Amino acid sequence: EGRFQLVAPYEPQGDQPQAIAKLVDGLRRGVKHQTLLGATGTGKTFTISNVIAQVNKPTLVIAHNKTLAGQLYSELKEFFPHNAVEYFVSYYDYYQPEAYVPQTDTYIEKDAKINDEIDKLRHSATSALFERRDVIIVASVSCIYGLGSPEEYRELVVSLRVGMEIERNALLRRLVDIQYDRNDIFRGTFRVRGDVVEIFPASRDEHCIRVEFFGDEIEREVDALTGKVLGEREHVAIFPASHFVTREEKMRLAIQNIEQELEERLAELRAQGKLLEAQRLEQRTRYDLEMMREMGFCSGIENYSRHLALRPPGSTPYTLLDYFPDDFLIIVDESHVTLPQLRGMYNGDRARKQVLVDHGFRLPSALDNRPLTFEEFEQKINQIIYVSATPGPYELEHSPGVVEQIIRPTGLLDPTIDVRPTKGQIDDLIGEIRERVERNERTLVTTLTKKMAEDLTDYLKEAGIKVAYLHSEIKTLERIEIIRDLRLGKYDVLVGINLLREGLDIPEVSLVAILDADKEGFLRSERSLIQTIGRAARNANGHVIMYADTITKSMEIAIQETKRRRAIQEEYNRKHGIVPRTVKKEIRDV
C-alpha cells in the first residue's frame, strides 16, 4: 500500500495553514532542518500530522519521556486509525542499568522483568517498516539504543506463499531457528492436521500478539483467533522473536572471538593489575559461554552484541533509525529539552559501564554496546523538523530561520507582564490575590528555595486564603489529585518551585507570580520564563507579575517576545471579529 488518510473533526484554524504548507514546500525543495515555532495551546500535534500526510513518508516521532511518548501516541491514533502507528519504548523508562557502587562494594544485577506489552509493540514497530510505507512510531530518547542488525531480520524472515512445498517439519525448524514464537506450549502450540496439508497455529508472535493467530494449511494463510476464523490471505510474513537473534554458523565463530578476548584480556589484566588479580569475571564469562553454545541466547546477551554481529571494535551500533527506509522523516517534540538530553546519553552509559570493566564484570567489548553519539545521530538524519515554543540554540543555528505559528483557535492571547519591587512584595501579592477570589479565579506562584515556598504557604493561609502545597515530589497520584482540587474551588492559590511540571495547563487560572525573577537558575532563564508565562494564557484575563530588583537579560527577552506575540494575536482578532473567550475543560475523577 502507501496512502495516508488523515481523519479530523476541526480544520486548520489559527495561522496553521501558512505554517503547514511552508514546511511542506521546504521538505520538497530538499532541505535538511526546519523549525516549527508554535506557541502553547496553538495546536502543534495537529498541524504536524497535516504536513506528514502531505509528504506521505514514514516517520519516527521522538518524545523526551515515557508519558509524553504516550499522549502523542493515542493522539496520532485518532488522527490516522487506518494507517500504521506503533509505540517503541524500552526498559530505560524504569529499571536499573546493572551498575556497581565500588565504595559500598555493592553489586546490582540487571533486574528487569519482561513487561510483554512493551516487547509486543517493539516487535510490531520493527515489522511495520518492511511491509507498508504508511507508518508512524512514537518513541523515547531510547530509540538511539543498540539493537540487532536489521538486514539480519529481513533475511531470517519466513516468507509464506501459496504453491510452494515445505515439509510439515521443515518450517517447524526455521521456526525454532528464530527463537520460536509460540510453537511449543498451554498446549501443543501449532501441532495438528499434518501431511502435505497441515494446520500449524502460528500464534503469539509479538508483532501482533493482539490475538491474531495465523493458520496456513498446505500453503492456507487465514488469520484466526482464540475463538473463530476471520480475514483471508495468500501471503504472510513471520518475524524473529528477538532483536538480537543470530545464525548458528555465525554464533559458532562469535564464540571463538569472545574467547580470544576474555583470554587475551586476562593477560593484559594479569600483567598490569591484580584486581582479584584480573579475573573474578571468569565466573560469568564462562558461565555465559556454556549457556550460549548450548542455546542461541542467554542471560545478558545484549552485552555480546558487537561480538555476535561480527563487527570490528569501536564500530557504531545499530538502531531503530537503521530500520527506516533511506528517505524518512523525524519529528522531535519539545526539541529544546529532548535534543540536549539525547545528547549526553552516550556519556552516562560509557561512564557507568567502564566502571564494571575496571572492576571486571563485563569486558571491553561490552562498551561497544551503547547508545549513539550526537554526531552518529546526525550522520543518520535524512530530513528533520523540530517542534517547540522555545527552540534551543542548536535548532536555530542549523535551521534557516523559523516557521511561526502563534494564533490559538480560541483566539486567546499571551498575557501582559508587570514588574514590581521586592519590598512589600508579599502584602502586594496578597491584595492582587484576594481580588481574584472575588472574581472566582485561581492563582499560581513560584519561588526558588523550598524554604521560601514554605515561608509563604503559611503566610498565605494566615492571610485567609485557600492555599496549595510546599513539597515538590508529592507522588504523582495525589499530585494529579490536587490539580483537580484546584480547578474546582478547593483552593484559590498554589505555590510550587517547578511549575513547568506537566498537568499545570489549567484554565481557571488568571494570575501567575514569579518571586525571584532576577535571580540565578535554570528555572529563571529566557526559555524557562516564557514557558512559565504560558501558564497564564489559558484565560481571557491572563496576567503575570514578576517581583524583582533588576531586569536580567533573560527577563528582557521573555517580556519582549510575549509582547510582540500578543500584539499580533490582537491585530488578528481585529481583522476577523473574534472576541477572546476562555477554554473550558471537564473535571473528571482520579
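For every residue, the number given is its place in the sequence shown, counted from 1.
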**Asked** Unmodelled deposited residues between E219 and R220: none, 1 to 3, 4 to 9, or 10 or more?
**Response** 1 to 3
**Deposited-sequence gap flanked by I185 and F186** = 1 to 3
**Prompt:** Higher mean Cα B-factor in the deposited model: 77 to 85 or 364 to 372?
**Reply:** 77 to 85
**Item:** Which of 266 to 274 and 444 to 452 has higher mean CA B factor, as the PDB entry lists it
**Value:** 266 to 274
**Prompt:** Which one of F377, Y145, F297, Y287 shows the biggest C-alpha B-factor in the PDB entry?
**Reply:** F297
**Item:** Out of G496, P409, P150, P102, residue topping the C-alpha B-factor column of the entry
**Value:** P102
**Prompt:** Taking the C-alpha B-factors as the PDB entry records them, is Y304 in the lowest, middle or highest third of its chain?
**Reply:** lowest
**Message:** Per the entry's values, where does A237 land by CA temperature factor relative to the rest of its chain, in the lowest, middle or highest third?
**Reply:** highest
**Fill in**
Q96: CA B-factor among chain residues, third -> highest
**Asked** For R293, does the deposited CA B-factor place it in the lowest, middle or highest third of the chain?
**Response** middle
**Request:** Could you tell me which third, lowest, middle or highest, the C-alpha B-factor of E395 occupies within its chain?
**Result:** lowest
